[PDB]
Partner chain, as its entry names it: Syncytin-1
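Next up: just one chain, as structure tokens, the form deposited without its partner chain.
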């Protein structure tokens, strides 16, 4: 089977990427290569990110317009409501698991060591309703601060695709096409044909993923040297985050899939091995979304309309890894500052992490910007975030795997709901 060969190549790519990275790091390291050779060494991994990011805009817009126009607005609303409930519950479970493991293992035992909450949510609302569709294709609204000793929040569009705004518009535009009737049928055919043509490009970029993944993980563990020192002071915090992702991604999420759909959940996860490893390599849910939608449609039996609707929405809203990581970091920082957390402080940590996970941009290093929001809500020192940045390169990659895995299993869950 061609799917099995792709999975075998992807598995070898991750193994070879780790082996190549340690070998390069061990033998000469980044210093021996130098900037002239380091840029070329990681370039094949960068090429995969560029190819994946180039097709996000045509895939997200056309799939959601076609997906929303292929269902009755009442049926689409029910499917969306069920998807949001699954996203909220799983994010809550990830948040609860992260706090529970952090309280149990206590990573902050040996204490050997931004944007406001309102402005963050106002930026989310501004990004949900973009002021320009063309600008939203490569820019997002962000809020900065100016001294006028009172901080005045001034806003302007920064580089970075506004996927959430494009997701919202495409769904609304798709509903408008459905309500148009016969006159909007031509546009439904156009976006479906455009979506199908883009999927042909995905199948070609799909075969380059093992080559890109190998050089993407090899370059990361080469440029991030002194790993042993990192695993010596934050080894327990990394364990809490990675074990929480493993427990939620291999025990909790598969069990939820098994309970509703009485099918093997790890057979579903085997079909999406390539996007999961791509998510690990790229550390972005947006770039691996093209491959996830490719595997979910063909490798698994998920319907075309379900996959093309739930996955683009989940790639921006459903982030189980971000919520678990933020909850562990919030408790870890609290333990470092010797702050005791009672039931009320735990509850607001769960709620704030769930809300902040929805606002996370789904981009590399994009989950630590919302970590400060949780800290101020629960009143913990923010200076300890610098520790999180040291190991974020590894934790974020684990988050991305969990961020997209819930989206795929959610598509499988909602597949049986329609059936």
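Positions refer to the first chain, counted from 1. Under this definition, the rigid core comprises the largest set of C-alpha atoms superposing within 1.5 Å between the forms.
We do not show the form deposited with its partner chain bound, though everything after this point is about it.
Contact annotation for the candidate site: 11, 13 and 267 all lie away from its partner chain in the deposited complex (no heavy atom within 4.5 Å). Of the candidate stretches 95-103, 257-265, 272-280, 216-224, only 216-224 has residues whose heavy atoms lie within 4.5 Å of its partner chain in the deposited complex.
Residue 159 belongs to the set of residues with a heavy atom inside 4.5 Å of its partner chain in the deposited complex.
At least one heavy atom of residue 49 is located within 4.5 Å of its partner chain in the deposited complex. Contact between residue 377 and its partner chain in the deposited complex is not found at the 4.5 Å heavy atom cutoff. Although the partner is absent from this view, residue 390 contacts its partner chain in the deposited complex, with a non-hydrogen atom inside 4.5 angstroms. Contacts of stretch 247-261 with its partner chain in the deposited complex, defined by any heavy atom lying within 4.5 Å, are made by none of its residues. In the overlay on the core between the shown form and the other one, a shift of 2 Å or more in CA position is seen for a single residue of 83, 170, 213, 334, which is 334.
Residue 73: CA moves less than 2 Å between the shown form and the other one after rigid-core fitting. Once the cores line up, the CA of residue 232 ends up less than 2 angstroms apart between the shown form and the other one. Residue 360 is not among the residues whose C-alpha shifts by 2 Å or more between the shown form and the other one once the rigid core is aligned; its shift stays under 2 Å.
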